[PDB]
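Here's the structure we're looking at; comments come further down.
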Amino acid sequence: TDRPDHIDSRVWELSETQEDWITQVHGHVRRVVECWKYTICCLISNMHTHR
Amino acid sequence: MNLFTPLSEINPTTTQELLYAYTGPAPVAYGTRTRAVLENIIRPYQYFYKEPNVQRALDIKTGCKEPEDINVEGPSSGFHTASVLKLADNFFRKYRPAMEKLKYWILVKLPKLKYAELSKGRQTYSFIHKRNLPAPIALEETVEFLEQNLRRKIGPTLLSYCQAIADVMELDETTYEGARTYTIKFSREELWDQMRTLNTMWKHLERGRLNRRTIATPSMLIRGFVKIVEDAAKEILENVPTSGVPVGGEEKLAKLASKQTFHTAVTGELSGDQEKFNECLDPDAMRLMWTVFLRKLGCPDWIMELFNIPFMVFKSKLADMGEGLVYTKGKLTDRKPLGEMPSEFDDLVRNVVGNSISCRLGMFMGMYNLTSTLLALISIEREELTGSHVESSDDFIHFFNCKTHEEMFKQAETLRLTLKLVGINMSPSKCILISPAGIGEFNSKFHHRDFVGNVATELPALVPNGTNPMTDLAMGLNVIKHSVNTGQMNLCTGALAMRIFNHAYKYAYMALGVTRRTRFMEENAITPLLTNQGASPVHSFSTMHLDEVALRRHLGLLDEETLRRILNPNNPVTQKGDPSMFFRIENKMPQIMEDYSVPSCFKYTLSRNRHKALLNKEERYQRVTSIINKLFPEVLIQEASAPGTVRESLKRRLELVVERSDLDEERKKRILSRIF
Amino acid sequence: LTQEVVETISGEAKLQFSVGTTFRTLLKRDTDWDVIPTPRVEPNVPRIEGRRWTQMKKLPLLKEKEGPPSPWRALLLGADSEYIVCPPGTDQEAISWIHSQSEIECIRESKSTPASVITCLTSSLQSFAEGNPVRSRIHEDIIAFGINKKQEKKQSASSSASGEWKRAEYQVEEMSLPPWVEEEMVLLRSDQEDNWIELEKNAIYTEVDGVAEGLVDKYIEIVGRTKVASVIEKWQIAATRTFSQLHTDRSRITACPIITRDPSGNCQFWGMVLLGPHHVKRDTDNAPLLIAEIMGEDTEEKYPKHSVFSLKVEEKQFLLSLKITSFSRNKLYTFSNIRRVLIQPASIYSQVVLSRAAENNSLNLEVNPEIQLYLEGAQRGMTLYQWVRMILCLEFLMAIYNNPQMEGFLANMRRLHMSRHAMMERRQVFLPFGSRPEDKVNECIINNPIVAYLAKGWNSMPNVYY
Amino acid sequence: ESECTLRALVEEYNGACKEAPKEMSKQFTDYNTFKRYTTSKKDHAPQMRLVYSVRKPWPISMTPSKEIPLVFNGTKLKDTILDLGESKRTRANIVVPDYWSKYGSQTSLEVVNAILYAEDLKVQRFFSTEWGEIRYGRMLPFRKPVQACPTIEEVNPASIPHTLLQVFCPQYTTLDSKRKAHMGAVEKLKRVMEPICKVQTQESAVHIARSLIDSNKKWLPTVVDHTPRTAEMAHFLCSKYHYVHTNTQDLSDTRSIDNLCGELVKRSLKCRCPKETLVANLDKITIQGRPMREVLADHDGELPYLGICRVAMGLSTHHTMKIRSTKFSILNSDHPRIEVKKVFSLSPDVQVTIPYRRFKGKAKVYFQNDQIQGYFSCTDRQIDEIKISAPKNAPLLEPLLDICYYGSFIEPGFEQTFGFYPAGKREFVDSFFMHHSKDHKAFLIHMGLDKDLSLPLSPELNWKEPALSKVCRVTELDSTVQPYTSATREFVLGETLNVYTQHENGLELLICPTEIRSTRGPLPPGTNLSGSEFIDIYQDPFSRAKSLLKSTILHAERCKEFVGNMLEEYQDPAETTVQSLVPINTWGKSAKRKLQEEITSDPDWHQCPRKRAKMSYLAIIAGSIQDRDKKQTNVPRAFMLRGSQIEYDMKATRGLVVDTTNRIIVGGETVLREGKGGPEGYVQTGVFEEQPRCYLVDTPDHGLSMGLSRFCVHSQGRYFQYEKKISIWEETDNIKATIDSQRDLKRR
RNA sequence: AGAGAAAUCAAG
RNA sequence: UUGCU
RNA sequence: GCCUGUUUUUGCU
RNA sequence: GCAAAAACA
Ligand SMILES: *O[C]1[C]([C]OP([O])(=O)OP([O])(=O)OP([O])(=O)O[C][C]2O[C](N3=[C]N([C])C4=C3N=C([N])[N]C4=O)[C]([O])[C]2[O])O[C](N2[C]=NC3=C2N=[C]N=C3[N])[C]1O[C]
């Protein structure tokens, strides 16, 4: 549907009810950018353990 | 009529096809449209009050009236504000998936709408030339006007176009400077008048009505604004059960059949039209309904403003009067404006602005078929109405499943009153209710046990076009095939239509009797071998979809000796005037440009007998598009996204393709030497 | 999406749309609300006292207009059309044979079409005898084709102009149902020697194709040997021949003979169409025509504007119509494809046969059942073949008499037809308060003879169903 | 040669720059708008001019040429005298095409074959279907969307633009476009259009290619269980008065995909949270070279398991509730079909439960079976009305009993027990059907009898059969009734892989596992279950071992996990595979000891593929089925797989694994090629408008084969420089791990 | 003349 | 120049 | 002269 | 996307 191909389905589903995208400027683009940031956060924390 | 009413074998419904005088001439309009335009202007003012009082109803702006003001024994122009609010609330509370789809369209589909979609239209009034021009021409001139007045570049999105339209109205003065050379100027008031101006004209070749009607068209300055509202209305209507306008063909019939459930003790069916439609609807009611829809969805203020622009503009509509009411002294027929001498439209003289007349009430035009459908549907949603309703624009069908007859009568009266609460009046003479359901009509589709086929709705298309014999044959066969598949014509009717079309097609191409073509073929021993050449037909009832040449080759009626001649890609008959580009699958050079001809020699073109400078500009656009397509094959499958200007992009692509030509170095340098 | 992405990253976040100050003032001129309306009324749906729905116990009775009987207002004669048998050959040879062996004598002259224009026709014959379908103007052409008639009428009106300017107030004369419509129905159906429908048979590959072509052949042989087919062929030939000569500007006289050919090859002269000086700028404007054609029987009350002539050819007597008319390009093109009218009676026939086949799960192809119809106010049986025959007759009669009145009448008669069909199945019909479905039909009944004929047919059948 | 094409392009570019100084200073993306300006191609009405146009003295307009003689025998052909040289200037008679049909230059036969290929397909397809016998039955139409023409391949719409780009312009594509394309369709289209593109222009060739691989469904009225699954011959095989009984097999891979999906669903339900397990596996399984998500998007079938897997991937489904031979569809209802958890305990302590479903409120359900179709309206459990359309004298036992089972209207078998305690749901339902087959009096006592003879249903359930009394509230269908949905349904995949449809007042069950009945079928060709956690699906020991070895060798982390779980008797997702690959032996402890020496001596073993192969071999032997009686012996150098003559070797010198210094081949396929084509893929790593300092490969293919660490591709004036992937994990795995950690931290 | 039907054509 | 049953 | 909306059938870019 | 044709409101 509206999900970009690079955005994971789980990330897209989780981002639906995080911010009220309808009132924001470029709500779809803002949601895509937030998904980008969350995916970057996921890639930073990837199978790394300390204790 | 007695010959059309069988009583033993077939029912009268199957004879509804006999109540069609088609294949005879269609009525046309002859003279001045001013009388019809003025009637359309004056009708909304005559229906606002129970008693006709045009003068008192001319100074009102918003057509909101009290419940006791609404006329129940005749047309009622106007709406009840509280009723509209409550009904829109009820319609939003129900059909939540439709509102979710609306939200998705606003978030996703709306920002990517392109103003080039406005080019899909037809003859459009031009605020520059004061004339009807083709939609691409008007779109280009409006875009250039905006470009040179705002001193900026409009984005491809329709939102950018609407923002440019909003911005250009802020300027005190504007200039076009077409330079076909000629310079024209506009003020804020002049541009305001031109944007809210509807050019009117006669509608010709329309069947099914005694009196000629007038059509209208606005400029490109408001078509873009209406486009967003129409798209949103379509998005809502595609997801509501009670809509009938966005679905067509067999899908509409399936939707109708899904609601033909009659199980209760009393099962009635009411099929009808709405009288005086498109002139009893106040655009303020549409504003209120859209505002409620976008406010319960949480949309911001700019969405509301954008959705409200078109209806506010049409509240100030200046319908273009014709060329003057006709007056007679003796046998003379002179033509005078509205205000010169008294007539039946004197009360509207105060509304005359130049050659146009203002109309606050009504909508005068069919630019909101989808929005008017939504306005009709919101009134349906209430606890009293429990039947199934289908509404396209002004044709509606309703199914009542009630325990008792009086309950059905109360439901029908409630339906009529709710439609009147918004500004939609049932046509009493055109509304028929059958208390045992099963027989009905919708969009000229009649049903008794199943939707019967309607012959004579397919005969106007059973005429060869003027492209070429092969295209004409394919179009005729496929039209008959779709008619058969739809069920309009059966086996015998399909075959008879095929034979009639074949005979007309052969006559149209000089393939019957003794003609110049037949004499030339006979004197040179040229056997026909093709349908357009007078040979026996190869298409059968079951071979509607099959191409003539391939079928004749398969059956052996067309030998390879003539096949290698008629299908020559180098025949002079259909040779294109310009070299064309060709792909090469798994080749060192995937791009080969050479002269080409249409394969079939019978796919020729017919010579024609022998916004002016804009046509030359569009020819330049054609040249640029052709070179882009030749140099950028990938945009042939996907949208254009190359960065930079056209010149630099094609220069880089040309350098790249020459670099990959596998030629030696010197060839490459002397080729890139001559690139400008 | 690069611009939008960069904008969201930077954070300027332009609202994508904004209405200025003066534009808002312009918008709020013709409305009582702002750009975003916020009415101060509580949302509520009031209760309105409505009317009561009334049952339509009896079907409406369409009113019949009163006045002089309608004349035959059509391009060609119809059932009175006849032809002259000529030796086989080309059109020029046939016209040369007719002209050199013909005597013309005026027997009935009408004020609408002066007899003196007969010379025009003969001149055209002369012109078309040596293979010149276009001839120079003669004096009588001015009378025949109304050359410079508009200017003369304008000058006469200006000379006779007196009084004060008033509105148009046009009037359409109402005329009653003529007796000749029933005769046209009774005629136009008699058997003919030839088939008059010679359509090339489609290919047959499958059994579905076989049954389809069998049904088509049955329909052709049950409606072929009929005067309707001959008149349809005449109309189509005349329309095509006159249409093909109208895609240009000419100040001269063009002859468009109406000639068909039998299987034996002998020519059949239905008449000739003379196209006067035409300079068409649109597809709806009229062009002058002079229609000479062979009658079978002359009626004063049916052809008041026709000047009937007696034509003597090889010890044979014929009648000639020779009417002055103005006709349009669009109508001529429409009548060029008049053969499409055969589909609807074929639709009825095929529906009956295929319904019987589906009921019995087997195709018969020779069924001629007994349709029950209201013939003279009473329900009697009638064979399917002749039912299809005069369905074709009436379809052709309506096709050549299609005008706004006919379009409106047929469009508004469908509701009454559906109501009647509902009531014959013991279904009650209910109507709104001010419901008068008959008015929308009565407004279209003015002077069209076939509209009046259909109205009489509707009135004849019962209106109350028990 | 190619030089003339370059000259033509350069001259055209120069002319465009000179003749149009404007219209090219605009942005390239503006082509999306000004391509739509195609006026001057408009004519008033060609149908009203054809008769006159053909009969003009010189009707045909054509470019000047010398092949057509100026004057042929007697007649003059071309009007080449007036203004010869003005492009499409020459005027010729209508007979010139007739003159060219004979006495003309010919063309090679392969050109003629290529031109007519698309139409010849239709011609032979028509003259290949067996024409049955016409049956006349007064058909009641069912309006549904059907595919217009058959396709050589089934490709989801989103992959259509990328597939065509892979066929015509590989040189202007990126690796993402390559991965999103259907490579089987790409190869088929390339083979088909290799001759076609020589006689068709670029846009024409694209048109035929898309028409070959696009669906283009259109709404038509068809006949129930007689749809020709294509509108190509709909006008011939059905005409509302007849059908032609035609025979045609499925000729598709949809059933194999259903078998794969059913195996995945059945094996997924045996673990914790089956939904996440199935979603994770479907994102790692591939068929041929296409990922499972895209092949699911390709095949939009009517089957249950296919619908479950499509819903699991966020797609829709067309499955409808079906009880044996009768299909049901809820037209409208007040509340969803409520489940009842009725318990039929066999003992105070031992209980057996058979949940069922019913209606709560008023509902209306359309049903159809064979030629019988109609609807029934009910309230709660009492049937209110039944409308049926069926052929005369047809037996209506099974449709009515299916209706009763669907609504639980009849209760010798609902809310109570038949008799002896039921063994389970299967036996209970079978007993219900077999009892009510010979006892239909429950229907009669449910809706009584009527003294009116006009009712068509006979007491012994025959349509329109004369009798003494008739069944009440069952009448002939008045008007056509068909299920239609306006709003696009969105499906919810709940636990136990239950596919629900979102109803207004709750959730409407659509597909429910544990009662879907289907025998095991062949897997789709090219299925690659080497992803994770599911290898026992393969019946062949060969492929079953090959997938496991591909998983272990190509992934160091997977090899480490496999060795760790296989040495200390931990839970291994592929225990059954290892048990079924190695016969009963006594080499377990010896192999475990060998694992001990080779993990202690070289703890860094899990980077050399040879070491990974040796460790995997030893681990697979270690956890085999150890014989109870015989004493442990030394591990053999090579052994034999169960039920096959396939030899598995330690040193991989022969048999299933062969590891030469140049390359490693597993199961006849080169899993590793040393030097070029590393095991891990590539990442895009940069988009530029200017040539990067790398190697510009011609296409995405001819890339990924040289094994370069830096290569660029071109796409619409932009450059994409793929370099290498160095991260051992994957973005999907990273996202899954992050979300799992977040949810666990929320729960804990 | 005439065609025609709510007003036009009947050329410059 | 002119030929549809 | 020839509006808007929906659907359908062709052909061309 | 464009051009033509048709039907419906
Ligand atoms: O509107 C239209 C659209 C619709 O369709 P669909 O189905 O969706 O498909 P597609 O196409 O893919 O879509 P899109 O994406 O939007 O588009 C794409 C691109 O590319 C192009 N193209 C295409 N195609 C097919 C083609 C082209 N070009 C040429 N020349 N040819 C061809 O073929 C386009 O333009 C774009 O840009 O879509 C489209 N389409 C369709 N079809 C067509 C088109 N276009 C053109 N043409 C055609 N034929 C449209 O829009 C745009």
Side-chain angles (χ1 to χ4, degrees), chain B residues 29-32 35 121-124 132 201-205 211-212 215-217 230 234 245-249 251-252 326 333 365-370 392-395 443-445 457-458 460-461 463 465 467 471 474-475 478-479 481-482 486 503-504 506-507 512-515 625 629, chain C residues 90-92 111-114 128 131-133 143 145-147 149-150 153 168-172 194-198 229-230 233 236-237 240 257 259-263 268 277 279 281-282 284-288 305 324-328 403-405, chain D residues 35-36 38 41-43 45-47 203-204 218:
Chain B
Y30 289 97
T32 304
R35 193 268 305 161
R122 296 294 86 193
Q123 295 297 109
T124 296
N132 289 0
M201 72 291 291
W202 273 129
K203 175 144 186 48
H204 303 281
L205 294 174
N211 303 131
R212 312 281 75 72
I215 51 172
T217 182
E230 288 302 82
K234 184 177 179 180
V245 60
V247 291
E251 186 179 6
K252 186 179 56 205
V326 57
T333 61
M365 183 177 176
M367 286 273 198
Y368 312 105
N369 299 118
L370 309 183
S392 294
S393 179
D394 47 323
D395 189 27
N443 290 343
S444 296
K445 299 296 290 182
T457 60
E458 294 294 328
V463 179
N465 288 14
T467 318
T471 307
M475 185 180 288
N478 297 329
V479 160
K481 187 170 61 88
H482 181 237
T486 302
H503 214 270
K506 275 172 166 165
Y507 168 74
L512 311 170
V514 178
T515 75
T625 296
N629 294 341
Chain C
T90 72
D91 293 4
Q92 181 249 352
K111 293 155 215 55
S112 305
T113 309
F128 190 76
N132 318 326
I143 297 89
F145 301 109
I147 301 172
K149 167 71 54 177
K150 181 176 73 175
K153 286 187 57 180
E169 177 164 332
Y170 291 109
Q171 207 261 336
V172 184
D194 311 310
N195 201 232
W196 285 103
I197 296 172
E198 294 178 354
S230 81
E233 195 57 25
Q236 186 175 4
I237 290 281
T240 57
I259 296 168
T260 70
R261 298 197 163 62
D262 61 346
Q268 301 167 328
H279 297 254
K281 302 294 298 303
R282 305 233 191 81
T284 57
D285 54 3
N286 288 332
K305 295 182 176 67
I324 293 169
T325 309
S326 296
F327 209 65
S328 66
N403 50 35
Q405 320 179 22
Chain D
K35 73 180 184 189
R36 307 189 191 203
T38 63
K41 300 294 187 291
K42 294 179 178 295
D43 63 358
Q47 71 275 16
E203 69 275 16
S204 184
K218 294 181 184 293

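In what follows, chains carry the letters A, B, and so on, assigned in the order in which the sequence lines appear, proteins first and then strands, with residues in each chain numbered from 1. Computed over heavy atoms, backbone and side chain alike; hydrogens, waters and symmetry mates excluded.
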Once you apply a heavy-atom cut-off of 4.0 Å, does [X] come out as touching a base, just sugar-phosphate, or nothing?
{"X": "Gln236(C)", "result": "base"}
{"X": "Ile197(C)", "result": "sugar-phosphate"}
{"X": "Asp91(C)", "result": "base"}
{"X": "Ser204(D)", "result": "nothing"}
{"X": "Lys203(B)", "result": "base"}
{"X": "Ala45(D)", "result": "sugar-phosphate"}
{"X": "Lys506(B)", "result": "nothing"}
{"X": "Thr457(B)", "result": "sugar-phosphate"}
{"X": "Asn132(B)", "result": "sugar-phosphate"}
{"X": "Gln123(B)", "result": "sugar-phosphate"}
{"X": "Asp262(C)", "result": "base"}
{"X": "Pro263(C)", "result": "base"}
{"X": "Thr486(B)", "result": "nothing"}
{"X": "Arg261(C)", "result": "base"}

| request: List in chain and number order the residues that pass side-chain hydrogen bond (donor to acceptor under 3.5 Å, both in side chains) with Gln47(D), two or more places apart in sequence or in another chain; answer none if no residue qualifies. | output: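 Partners of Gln47(D) under the side-chain hydrogen bond (donor to acceptor under 3.5 Å, both in side chains) test: none.
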
Can you tell me which nucleotide in [options] comes closest to the side chain of [X]?
{"X": "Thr217(B)", "options": "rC3(G), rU2(F), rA6(E)", "result": "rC3(G)"}
{"X": "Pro133(C)", "options": "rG1(G), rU1(F), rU5(F)", "result": "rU1(F)"}
{"X": "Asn478(B)", "options": "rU10(G), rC2(G), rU5(F)", "result": "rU10(G)"}
{"X": "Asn403(C)", "options": "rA5(E), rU1(F), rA5(H)", "result": "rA5(E)"}
{"X": "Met367(B)", "options": "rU4(G), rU5(F), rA4(H)", "result": "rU4(G)"}
{"X": "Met201(B)", "options": "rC2(G), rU4(G), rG11(G)", "result": "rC2(G)"}
{"X": "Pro46(D)", "options": "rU4(G), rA9(H), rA5(H)", "result": "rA5(H)"}
{"X": "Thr260(C)", "options": "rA6(E), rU5(F), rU2(F)", "result": "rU5(F)"}
{"X": "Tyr507(B)", "options": "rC4(F), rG2(E), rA9(H)", "result": "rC4(F)"}
{"X": "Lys305(C)", "options": "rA4(H), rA3(E), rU5(F)", "result": "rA3(E)"}

| field | Assigned partner base of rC12(G), Watson-Crick or wobble definition, under 3.5 Å | value | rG1(H)

| said: Which nucleotide, if any, forms a Watson-Crick or G-U wobble pair with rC8(H), using both distances under 3.5 Å? | reply: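 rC8(H) is paired with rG5(G).
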
| query | Just checking, any donor-acceptor pair under 3.5 angstrom between side chains of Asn286(C) and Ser328(C)? | reply | no

State the [atom1]-[atom2] distance between [X] and [Y], to the nearest 0.5 angstrom.
{"X": "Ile324(C)", "Y": "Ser112(C)", "atom1": "CD1", "atom2": "OG", "result": "8.5 Å"}
{"X": "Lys445(B)", "Y": "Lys252(B)", "atom1": "NZ", "atom2": "NZ", "result": "8.0 Å"}
{"X": "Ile237(C)", "Y": "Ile259(C)", "atom1": "CD1", "atom2": "CD1", "result": "10.0 Å"}

Minimum-distance pair of heavy atoms, taken over all atoms of [X] and [Y]:
{"X": "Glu230(B)", "Y": "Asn369(B)", "result": "OE2-N, 4.0 Å"}
{"X": "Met201(B)", "Y": "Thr217(B)", "result": "CE-CG2, 3.6 Å"}
{"X": "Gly131(C)", "Y": "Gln92(C)", "result": "N-CG, 4.0 Å"}
{"X": "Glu198(C)", "Y": "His503(B)", "result": "O-NE2, 3.6 Å"}
{"X": "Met365(B)", "Y": "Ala216(B)", "result": "CE-O, 3.1 Å"}
{"X": "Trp202(B)", "Y": "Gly31(B)", "result": "NE1-O, 3.1 Å"}

| request: Could I get the full list of salt bridge (charged side-chain N to carboxylate O under 4.0 Å, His left out) partners for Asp194(C), not counting sequence neighbours? | output: none

In whole angstrom, what separates [X]'s [atom1] from [N]'s [atom2]?
{"X": "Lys445(B)", "N": "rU8(G)", "atom1": "NZ", "atom2": "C1'", "answer": "12 Å"}
{"X": "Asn443(B)", "N": "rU8(G)", "atom1": "CG", "atom2": "P", "answer": "15 Å"}
{"X": "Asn465(B)", "N": "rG11(G)", "atom1": "CG", "atom2": "P", "answer": "12 Å"}
{"X": "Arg212(B)", "N": "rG1(G)", "atom1": "CZ", "atom2": "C1'", "answer": "15 Å"}
{"X": "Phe128(C)", "N": "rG3(F)", "atom1": "CZ", "atom2": "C1'", "answer": "10 Å"}
{"X": "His204(B)", "N": "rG4(E)", "atom1": "NE2", "atom2": "P", "answer": "18 Å"}
{"X": "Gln47(D)", "N": "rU10(G)", "atom1": "CD", "atom2": "P", "answer": "17 Å"}

| query | Could you write nucleotides 7-12 of chain E as a row of B, S and -, 5' to 3', where a protein heavy atom under 4.0 Å of any base atom gives B, of only sugar-phosphate atoms gives S, and otherwise -? | reply | BBBBB-

| task | Please state the P separation for the pair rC3(G) and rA6(H) - nearest whole angstrom. | result |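 Between the two P atoms, the distance is 12 Å.
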
| task | For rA5(E) versus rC9(E), give the span between their P atoms, rounded off to a whole number of Å. | result | 16 Å

| task | Measure the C1'-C2'-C3'-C4' torsion in the sugar of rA6(E), then label it north if positive and south if negative. | result |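 Torsion sign negative, so south.
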
| task | Report yes or no: is there a donor-acceptor pair, N or O only, under 3.5 Å between the side chain of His503(B) and the base of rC4(F)? | result | yes

| message | Tell me if the side-chain of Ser392(B) makes a donor-acceptor pair with the base of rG5(G), cut-off 3.5 Å, by modelled atom types. | response | no

Side-chain N,O ([X]) to OP1/OP2 ([N]) below 4.0 Å:
{"X": "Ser328(C)", "N": "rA3(E)", "answer": "no"}
{"X": "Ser112(C)", "N": "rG2(E)", "answer": "yes"}
{"X": "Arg122(B)", "N": "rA3(H)", "answer": "yes"}
{"X": "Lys41(D)", "N": "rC2(H)", "answer": "no"}

| request: Could you tell me which residues satisfy side chain to side chain contact (heavy atoms under 4.5 Å, CB included) with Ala229(C), sequence neighbours excluded, listed by chain and number? | output: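 By the side chain to side chain contact (heavy atoms under 4.5 Å, CB included) rule, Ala229(C) matches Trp196(C), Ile197(C).
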
| request: Kindly write out the residues that satisfy side chain to side chain contact (heavy atoms under 4.5 Å, CB included) with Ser204(D), not counting sequence neighbours, or none if the list is empty. | output: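 Expected list: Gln200(D), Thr201(D), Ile208(D).
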
| field | Toward the 5' end of RNA chain E, by each residue's nearest nucleotide, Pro114(C) or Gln171(C) | value | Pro114(C)

| said: What does the 5'-to-3' dot-bracket notation of RNA chain E look like when only Watson-Crick and G-U wobble pairs under 3.5 Å count, and pairs to other strands show as |? | reply: .((....))...

